[PDB]
Amino acid sequence: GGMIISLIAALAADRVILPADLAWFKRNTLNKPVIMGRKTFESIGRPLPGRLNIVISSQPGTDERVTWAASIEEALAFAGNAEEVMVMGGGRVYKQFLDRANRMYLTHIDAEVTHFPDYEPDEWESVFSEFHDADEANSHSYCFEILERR
Ligand SMILES: COc1cc(Cc2cnc(N)nc2N)cc(OC)c1OC
Ligand SMILES: [Cl-]
Ligand SMILES: [Cl-]
Ligand SMILES: [Cl-]
């Protein structure tokens, strides 16, 4: 019943948008509809297996392995009856969906290194936190966080 729109993003120092983070992203997107910007799809260069790939863009695309949406309302309709839709970037897409999003999956990475939208922390409360030190596989330390709208 109903639908929850969730943002998922890896944020470095500032709002600027690591195998462990990819596992976390895989953990929280698999078996769910996914909405991404055209540039993000280009960067990934493929469809993500195990989920419905919705690419939101003003113009169509030559890749029919994914579904192309012309507006946010079209993208949400393409999610069907899914309980939760994952909005996975990029920065323009996060801007588009922030007001409609009630959940946020954030990975904070300790790297200096296009900004994530500014949001009032007063409107969001943390419902999960987990810190991980860098190790052999991961060059940096990172913190996983899930925020839900007050
Ligand atoms: C799964 O592969 C990718 C995924 C993403 C999106 C993404 C990746 N990580 C997190 N925490 N949130 C996201 N929205 C971004 C990527 O680079 C554009 C990817 O290629 C490595
Ligand atoms: Cl698949
Ligand atoms: Cl729109
Ligand atoms: Cl902004």
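Using the deposited numbering, the letters of the sequence shown correspond one by one to residues -1 to 15, 25 to 120, 124 to 160. Ideal placement from N, C-alpha and C gives every residue a C-beta, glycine not left out.
For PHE126, which residues does DSSP report across the bridge?
DSSP lists no partner for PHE126.
Does the beta carbon of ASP28 fall short of 7 angstroms from some heavy atom of ligand 1?
yes
Can you have a look at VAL41 and say buried or exposed, based on whether 16 or more other CB atoms are within 10 angstroms of its CB?
buried
Sequence-distant residues of the same chain with beta carbon closer than 7 angstroms to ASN148, five excluded per side
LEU25, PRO26, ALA27
Contact shell at 7 angstroms, judged by CB to any heavy atom of ligand 4, ordered along the chain
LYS102, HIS125, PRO127, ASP128
As a quick exercise: from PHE104, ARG34, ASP117, pick the residue whose alpha carbon is nearest that of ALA11.
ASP117
With a threshold of 16 other CB atoms inside 10 Å of the CB of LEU37, please say whether the residue is buried or exposed.
exposed
By alpha-carbon positions, which one of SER136, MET43, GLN103, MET111 ends up nearest to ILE61?
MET43
Closer than 7 angstroms by C-beta to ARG159: which residues in its own chain qualify, once you throw out the five before and the five after it? Chain order, please.
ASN109, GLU133, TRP134
For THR69, name the three-state secondary structure that DSSP assigns.
coil
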